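Residue numbers (PDB author numbering), protein chains in the order written: chain B, 10 to 254; chain C, 1 to 242; chain H, 2 to 117; chain D, 14 to 21, 26 to 68; chain A, 2 to 297; chain L, 1 to 103.
The beta carbon of each residue, even a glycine, is placed where N, CA and C say it ideally should be.
Before any comments, here is the structure.
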Ligand SMILES: CCCCCCCCCCCCC/C=C/[C@H](O)[C@H](N)CO
C-alpha cells in the first residue's frame with residue numbers, strides 16, 4: 010500500500026513499485042503569495058500546466074569509489090523549456106518543487122545513499138591548503154547548471170560543516186535492499202516574497218553514498234542515478250527583454 | 001528632591017542582566033514579517049532528530065574520514081563473538097560528539113531523560129542474521145562474553161524487510177540530574193556501556209558479498225531536559241579572524 | 002614513518018613463504034592501508050593485497066587461495082604468507098603505506114630480494 | 014507607546034515610548050517537534066510495521 | 002468564468018496547509034506503568050529509517066516501567082534564554098604612536114563574524130530577526146581609567162563618514178551620537194531591527210548584481226547588502242592630540258529573537274570574516290579517537 | 001581489471017629539449033598517478049592527481065590529462081632526471097601499473 014505510488018502533474022506521470030512514503034519539507038505544502046505579503050504592484054503571470062511539469066536531467070554513474078554530487082535550484086531549469094523562457098524573461102520568481110530520484114539494482118547488490126535538501130548552500134574553498142590564502146570558488150562551481158558538480162571533501166560538505174548532522178534537513182535514504190526511489194516536496198523558502206531566478210539559488214540538493222556499493226564479479230556493473238523534478242505554483246513578474254545571465 | 005540611598009552593586013556591568021536601555025531611533029517601525037517555513041521555538045525540538053553516530057572513530061587519516069560513519073559485519077565461527085562497544089554518555093568525548101544532540105548538550109551543564117539509538121542494516125536482500133544489543137547500567141564492568149552481557153537490558157535484532165531496530169536507553173540514575181561525566185571524581189555521573197554481539201551468524205548464499213555495514217543514529221526521548229546554560233568546551237579559532 | 006622488510010633470501014620450490022615488515026614512528030592501528038607489492042625481473046609491478054587499520058583484508062584475484070596477510074599490533078608488524086611457492090614467484094617484494102582509493106601517505110620501503 | 018517591537026514575549030517592562038527598548042520578558046512554552054522529526058505525508062502508528 | 006476548468010481551478014490559493022501544530026509543553030513528559038506483552042502483529046521496536054522520520058518507540062513499549070511524575074521545566078531552552086547573553090563582537094584601538102589609527106579616530110564596519118563564540122552560536126540558524134542592546138567599555142591598554150572624553154556616532158549607509166578628528170561630519174545634526182567619559186560606567190543603548198528584508202541572513206547563496214561573473218569579481222559571491230547596516234565611528238573630542246592610548250570593546254545582547262531553518266554546526270576553524278573557508282590540508286575529525294572499536 | 005598502456009616504450013632525449021610521455025587507460029578514471037624509479041632503488045611517488053607535485057620534486061615537471069588520456073611532460077631535460085616512469089590508477093581494485101617508459 011505504502012510501497013507503490015504514482016505522481017501525476019501537467020502531462021507527465023511517474024510510477025514506482027518500491028517507494029518509501031513521501032516527505033513534505035517542514036510540514037508545509039507549496040502555495041501562492043498572499044495579498045498582505047506581496048509588495049510589487051503589477052499583476053503576476055501564472056502559466057500553470059506549461060511550467061508545472063516533470064523534467065529529467067542527466068544521469069550519473071554510481072561506482073565503488075564515488076564521492077557524491079550536488080545541484081543548485083532553480084539554476085538547473087534556467088535553460089530548459091517554457092519555465093526557462095519565463096525565468097529569463099521576467100525579473101521576479103517564486104515556486105515550490107517536487108524532487109524524485111531513481112536508482113535500481115538487483116537483489117544481490119548493496120549500498121546506501123543519502124538524499125537531502127539544504128537551503129542556502131554556500132560553497133567554500135580550501136584556502137590554498139595552508140589556510141593563508143583568501144581564495145573564492147569560480148563561477149562554474151557555485152552554479153554548475155544541469156550537470157551538477159562532484160564533491161571534493163564530502164566529510165565537510167565543502168563548507169566546513171559535518172555531514173553527520175545533515176539529517177536535520179528534509180531527507181530520505183535509498184537502501185538498495187529496501188527501496189529504489191526517494192521523493193521530497195519542498196515549499197518556497199526565502200526571506201522575501203519574490204526573488205531573481207538568475208542571481209539567487211534557494212537551496213541545493215545533495216546525493217552522497219554513505220555505504221559503498223558492492224557486488225560480485227559477473228553481475229551488472231553499471232548502476233545509473235537519475236534526477237527528476239517539477240516546479241509547483243510558479244509565479245513571475247517584472248516583464249522585460251530576455252537576459253541569459 | 002526625593003531622598004534615596006545607593007546600595008552595593010551600582011555601576012557594575014553584568015552580562016546576563018535584563019534591563020531597559022534608551023532607544024536611538026525614535027518613532028522607527030521595522031519591516032513587516034512575512035511567513036517563513038521552519039520556525040524554531042525551543043531547542044528541545046532539535047534534540048529529538050536523529051543524526052549519525054560515529055561508533056567507528058578509529059581512523060584519523062584524511063582520505064579515510066568518511067569511513068568513521070559505519071562499522072562492518074561479516075560471517076564468524078558462531079561462538080557469540082563481539083562486534084563493537086561504546087559509552088552511553090552524550091556529553092562526553094567520543095562517538096557522541098558527532099551528533100547534534102552532543103553539540104547541543106555541550107552548551108549546558110546538566111541533563112536528564114532517556115536516549116535511543118537506531119541501527120540500520122545496509123546489506124544485500126539475500127543476507128540474514130541475528131544480533132544482540134545490550135545496555136549495562138553503571139557499576140558493572142565491560143562484559144567479557146555474551147552470557148555476562150545478557151544479564152542487563154538488551155534487545156534481539158532480526159534482519160528482515162524492516163532494516164532498522166531501536167534500542168532504548170532508559171533513565172536509570174540516583175540523582176534527578178547528571179552533570180557531564182569525565183575521568184576522575186566526575187565519573188560518578190557515568191551512564192553505562194553499550195555492546196553488540198553476534199546472536200547466530202551472518203549467512204549469505206553463493207554470489208553475494210561477504211561483508212556488510214551498519215549505520216547508527218541517535219536522538220533523545222520526550223522526557224529529555226537540560227539546564228544551567230554555559231559556554232562550549234572548544235573554541236573554533238586559533239588567532240585573529242581576518 | 003619508516004618501513005623495513007625482512008625474510009629468507011632463498012626458498013626451495015613447493016615450500017611456504019613468510020615475510021615481515023616493521024613499522025617505526027606510527028601505529029598501524031591509527032589509519033592508512035598497508036600494501037604488499039612485488040616487481041618481477043622484467044621490471045613489471047603487481048599489486049598483491051593489503052590489511053586495514055582494523056584488520057580487514059583484500060587480495061588480488063589472480064593470487065587468490067594462495068595469499069594471506071596478518072598483523073601483530075603488540076610489536077607493530079604485519080606479515081605476508083605464500084603457499085606452494087613456484088619458480089615464477091621470484092621478484093623484489095616491497096611494502097607500502099597507502100590511502101583509501103586516493104594518494105594519502107604513500108611512503109614505500111626498500112624491498113627484499115627473493116630467489117626460488 | 015509605539016508598537017514597533019520585533020515580535021509585534027508577552028510580559029515586559031518599559032520606560033520609554035518605543036516598544037523595542039523593553040526587557041526580554043517571558044515567553045510561552047509551546048513545541049512542535051513533528052515539524053522536524055516526523056514530516057511524512059501519511060502518519061503511521063508506532064505499533065504497526067512502517068512499510 | 003464560464004468554462005469548467007477555470008471554475009474548478011485551485012490557482013491563487015494563498016493559504017498554507019500545515020500538517021503539524023504546536024502544543025503546550027511546560028514540563029517533561031511523564032511515564033506510565035506498563036506490563037509484559039507477548040503477541041504477534043505488533044512490533045514497536047522495528048523501524049524503517051529509509052522513510053526519513055525519527056523512531057517512534059517509547060520506554061513503555063520496550064521494558065516494564067513504573068509511574069514517574071516529571072516536573073522538570075523546559076523554560077531554559079527557549080531562544081531568548083539561549084541568546085540573551087552579552088558577548089564580545091568588536092574591538093577598536095586608538096594608539097598614540099603606530100600605524101593603525103594614529104590620528105585619534107577610527108571607523109568600524111558593523112559585523113559580528115569576527116569572533117568565534119558568537120559566530121558559532123548564531124550560525125546554527127539561517128534566518129534571524131531580533132532587537133539588540135550594545136554596551137561599550139573603554140580603558141587604556143593596561144586597564145587604567147583616565148579622565149578623557151569620547152564621542153560615538155552611528156553612520157547609516159549613504160551618510161558621510163568622517164575622515165579626520167576635526168571633520169565637519171561630527172556636527173551630528175541628524176545622526177545619533179553619544180558623549181561619554183571614561184570615568185563613567187559603560188554606555189548602553191537599544192537598537193531596533195533595521196534590515197530591508199524580513200530577517201537577517203547568515204548565508205546568502207548568490208551574487209548581488211547582474212552581469213558576467215569573471216574571476217576578478219569572485220569576492221562579491223555571498224555578499225548580501227541586506228546585512229550591511231552601516232559604520233560605527235569613534236573619536237576623542239578635541240582639536241589637539243590626546244594624552245592617553247585607548248581601547249574600546251563592544252558587547253551585544255539579543256532580545257525578542259526569532260529563528261528559522263536550523264543548520265549543522267561549524268566543524269573546522271574559522272579563517273576569514275563572512276567566508277566559510279577552511280584549511281584543506283588540516284581537516285580534523287569532529288571528535289576524539291580511540292585505538293580500537295572493541296575496547297574503550 | 002583496468003589496463004594501462006604507456007607509449008613510447010623507450011625514449012632518448014638531449015639536455016634542454018622537450019620530453020612528453022603518455023599513458024592511456026581502458027576506462028575513464030578520475031585521476032592518474034606517476035612514479036619514478038632509479039636503478040637499484042625503490043619507486044618514489046612523483047605526480048598525484050595529475051597536477052600536484054610531490055615533495056622534493058623540481059618545478060620543471062608537470063602533468064595534465066582527462067578521461068582516458070593523460071600525459072607527463074618535462075620542460076627542460078637534465079642528466080639527473082633520467083629513469084623509468086610508471087602510471088598508476090586508484091579507480092578500482094586491484095591496483096594496476098603501466099608498462100613503464102625508459103628515458
Ligand atoms: C551611539 C550609536 C551606536 C550604534 C551602535 C551600533 C548599532 C547598529 C547595529 C546594527 C545591527 C547589527 C546587528 C547585526 C547585523 C548583521 O547581521 C551583521 N552585519 C552580520 O554581518
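Next on the checklist: Looking at ligand 1, does it come within less than 7 Å of residue 11 of chain C, judged from the CB to the closest heavy atom?
Outcome noted: Reading the second chain from its first residue, position 11 is the one you call residue 11 of chain C. No, the beta carbon of residue 11 of chain C sits no closer than 7 Å to any heavy atom of ligand 1.
Item to check | Segment limits, beta strand (DSSP E) that includes residue 105 of chain C | outcome: For the purposes of this step, residue 105 of chain C is taken as the residue at position 105 of the second chain. Per DSSP, residue 105 of chain C belongs to no beta strand (DSSP E); it is in the alpha helix (DSSP H), 100 to 105.
Checklist entry - Any beta-carbon of chain A closer than 8 Å to the one on residue 174 of chain C? => result Position 174 of the second chain holds residue 174 of chain C. The beta-carbon of residue 174 of chain C is placed no less than 8 Å from the nearest beta-carbon of chain A.
Item to check | Collapsed DSSP secondary structure at residue 84 of chain A in the structure displayed | outcome: To locate residue 84 of chain A, count along the fifth chain from 1; it is residue 83. Residue 84 of chain A falls in the helix class under three-state DSSP.
Item to check | Rounded distance between the beta-carbons of residue 167 of chain C and residue 155 of chain C, thought under 8 Å | outcome: For the purposes of this step, residue 155 of chain C is taken as residue 155 along the second chain, with counting starting at 1. For the purposes of this step, residue 167 of chain C is taken as residue 167 along the second chain, with counting starting at 1. With a Cβ gap of about 6 Å, residue 155 of chain C and residue 167 of chain C count as contacting.
Next on the checklist: Short of 7 Å in beta carbon distance, which residues of its chain neighbour residue 86 of chain A, apart from the five on each side in sequence? Order them along the chain.
Outcome noted: Residue 86 of chain A sits at position 85 when you count from the first residue of the fifth chain. These residues qualify, in order along the chain: 254.
Checklist entry - Closer than 8 Å, CB to CB, is residue 68 of chain D near chain B or not? => result Numbered from its first residue, the fourth chain carries residue 68 of chain D at position 51. Answer yes: the Cβ-Cβ gap between residue 68 of chain D and chain B drops below 8 Å somewhere.
Checklist entry - For the putative contact between residue 110 of chain B and residue 212 of chain B, defined by C-beta atoms under 8 Å, what is the C-beta separation to the nearest angstrom? => result The sequence position of residue 110 of chain B within the first chain is 101, counting from 1. The sequence position of residue 212 of chain B within the first chain is 203, counting from 1. No, residue 110 of chain B and residue 212 of chain B are not in contact; Cβ-Cβ is about 15 Å, not under 8 Å.
Next on the checklist: Taking 7 Å as the cut-off, is the C-beta of residue 228 of chain A nearer than that to any heavy atom in ligand 1?
Outcome noted: Taking the fifth chain and counting its residues from 1, the one referred to as residue 228 of chain A is at position 227. Yes; taking the cut-off as 7 Å, the Cβ of residue 228 of chain A has a heavy atom of ligand 1 nearer than that.
Item to check | Near ligand 1: residue 128 of chain A beta-carbon under 7 Å from a heavy atom | outcome: Taking the fifth chain and counting its residues from 1, one reaches residue 128 of chain A at position 127. No - ligand 1 has no heavy atom lying nearer than 7 Å to the Cβ of residue 128 of chain A.
Item to check | Length of the line joining the Cα atoms of residue 19 of chain D and residue 24 of chain C | outcome: The count along the fourth chain starts at 1 and reaches residue 19 of chain D at position 6. The count along the second chain starts at 1 and reaches residue 24 of chain C at position 24. In a straight line, the C-alpha of residue 19 of chain D is about 15 Å away from that of residue 24 of chain C.
Item to check | Contact under 8 Å by Cβ, residue 110 of chain C with residue 177 of chain C | outcome: If you number the second chain from 1, residue 110 of chain C lands on position 110. If you number the second chain from 1, residue 177 of chain C lands on position 177. Contact flag set, yes.
Checklist entry - Name the chain A residues that come within less than 8 Å of residue 232 of chain B, Cβ to Cβ? => result To locate residue 232 of chain B, count along the first chain from 1; it is residue 223. Within chain A, no residue comes near residue 232 of chain B; the closest Cβ sits about 18 Å away, beyond 8 Å.
Next on the checklist: Using a Cβ-Cβ distance cut-off of 8 Å, determine whether residue 51 of chain D contacts chain A.
Outcome noted: For the purposes of this step, residue 51 of chain D is taken as residue 34 along the fourth chain, with counting starting at 1. Yes, residue 51 of chain D lies at the interface with chain A (some Cβ there is under 8 Å from its Cβ).
Item to check | Check: residue 113 of chain A C-beta below 7 Å from any heavy atom of ligand 1 | outcome: For the purposes of this step, residue 113 of chain A is taken as the residue at position 112 of the fifth chain. Yes - ligand 1 has a heavy atom lying nearer than 7 Å to the Cβ of residue 113 of chain A.
Checklist entry - Just to confirm, are residue 221 of chain C and residue 31 of chain A a CB contact at a threshold of 8 Å? => result For this step, residue 221 of chain C is matched to residue 221 along the second chain. For this step, residue 31 of chain A is matched to residue 30 along the fifth chain. Going by C-beta atoms, residue 221 of chain C is not nearer than 8 Å to residue 31 of chain A.
Checklist entry - In the DSSP assignment, what residue or residues form a beta bridge with residue 72 of chain C? => result Counted from its first residue, the second chain places residue 72 of chain C at position 72. Bridge partners of residue 72 of chain C: C:213.
Next on the checklist: Can you look up residue 188 of chain C in the DSSP assignment and give me helix, strand or coil?
Outcome noted: To locate residue 188 of chain C, count along the second chain from 1; it is residue 188. In the structure shown, residue 188 of chain C sits in a helix (DSSP, three-state: H, G or I).
Item to check | Contact test: residue 243 of chain C Cβ vs ligand 1 heavy atom, cutoff 7 Å | outcome: The structure shown has nothing for residue 243 of chain C, since chain C only spans 1 to 242.
Checklist entry - So, is the C-beta of residue 219 of chain B closer than 8 Å to a C-beta in chain A? => result Taking the first chain and counting its residues from 1, the one referred to as residue 219 of chain B is at position 210. Not closer than 8 Å to any Cβ of chain A, the Cβ of residue 219 of chain B fails to qualify, so no.
Next on the checklist: If distances are taken between C-alpha atoms only, which option among C:49, C:230, C:190 and C:229 comes closest to residue 101 of chain C?
Outcome noted: One-based indexing of the second chain puts residue 101 of chain C at position 101. It is C:49.
Checklist entry - CB-CB under 8 Å to residue 32 of chain H, same chain, minus the five flanking residues each way: which ones, in chain order? => result Within the third chain, residue 32 of chain H is the residue found at index 31, counting from 1. Answer for residue 32 of chain H: 54, listed in chain order.
Checklist entry - Are the Cβ atoms of residue 214 of chain C and residue 41 of chain C separated by less than 8 Å? => result Indexing the second chain from 1 puts residue 214 of chain C at position 214. Indexing the second chain from 1 puts residue 41 of chain C at position 41. No.
Next on the checklist: Can you pull out the residues from the segment 163 to 185 of chain B whose beta carbon lies closer than 8 Å to at least one beta carbon of chain D?
Outcome noted: So the close ones are 177 and 179.
Item to check | chain C contact residues for residue 294 of chain A, given Cβ-Cβ distances below 9 Å | outcome: The count along the fifth chain starts at 1 and reaches residue 294 of chain A at position 293. Going along chain C in sequence order, the residues near residue 294 of chain A (Cβ under 9 Å) are 55, 56, 57, 58, 71, 83, 84, 85 and 86.
Item to check | Which of helix, strand or coil DSSP assigns to residue 266 of chain A | outcome: Your numbering for residue 266 of chain A matches position 265 in the fifth chain. Coil.
Checklist entry - Can you pull the DSSP bridge partners for residue 36 of chain H? => result In the third chain, counting from the first residue as 1, residue 36 of chain H sits at position 35. The partner list for residue 36 of chain H (beta bridge, DSSP) reads H:51 and H:97.
Checklist entry - Residues of chain D with CB under 9 Å from residue 11 of chain B, in chain order? => result If you number the first chain from 1, residue 11 of chain B lands on position 2. Near residue 11 of chain B (Cβ distances below 9 Å), the residues of chain D are 59, 61, 67 and 68.
Checklist entry - Helix, strand or coil for residue 148 of chain B per DSSP? => result Residue mapping note: residue 148 of chain B aligns to position 139 of the first chain, counting from 1. When secondary structure is reduced to three states using DSSP, residue 148 of chain B falls in the helix class.
Item to check | Beta-carbon gap between residue 210 of chain B and residue 185 of chain A smaller than 8 Å | outcome: Numbered from its first residue, the first chain carries residue 210 of chain B at position 201. Numbered from its first residue, the fifth chain carries residue 185 of chain A at position 184. At the C-beta level, residue 210 of chain B and residue 185 of chain A stay beyond 8 Å of one another.
Checklist entry - Straight-line CA distance for residue 142 of chain A to residue 96 of chain A? => result Numbered from its first residue, the fifth chain carries residue 142 of chain A at position 141. Numbered from its first residue, the fifth chain carries residue 96 of chain A at position 95. Roughly 9 Å separates the two Cα atoms.
Item to check | beta strand (DSSP E) segments (min. 3 residues) lying fully within the segment 72 to 150 of chain A | outcome: 88 to 95, 106 to 110 and 126 to 140
Checklist entry - So, are the CB atoms of residue 100 of chain H and residue 4 of chain H less than 8 Å apart? => result Here residue 100 of chain H refers to the residue found at position 99 of the third chain. Here residue 4 of chain H refers to the residue found at position 3 of the third chain. In this structure, residue 4 of chain H does not lie closer than 8 Å to residue 100 of chain H by Cβ.
Checklist entry - How big is the Cα-Cα spacing for residue 47 of chain D and residue 26 of chain A? => result Within the fourth chain, the letter at position 30 stands for residue 47 of chain D. Within the fifth chain, the letter at position 25 stands for residue 26 of chain A. Answer to the nearest angstrom: the Cα atoms are 5 Å apart.
Checklist entry - Exposed or buried, residue 234 of chain B, counting other C-beta atoms within 10 Å across all chains shown (16 or more means buried)? => result One-based indexing of the first chain puts residue 234 of chain B at position 225. Residue 234 of chain B should be labelled buried.
Item to check | Closer than 8 Å to chain A by CB, residue 151 of chain C | outcome: Here residue 151 of chain C refers to the residue found at position 151 when the second chain is read from its first residue. Closer than 8 Å: no.
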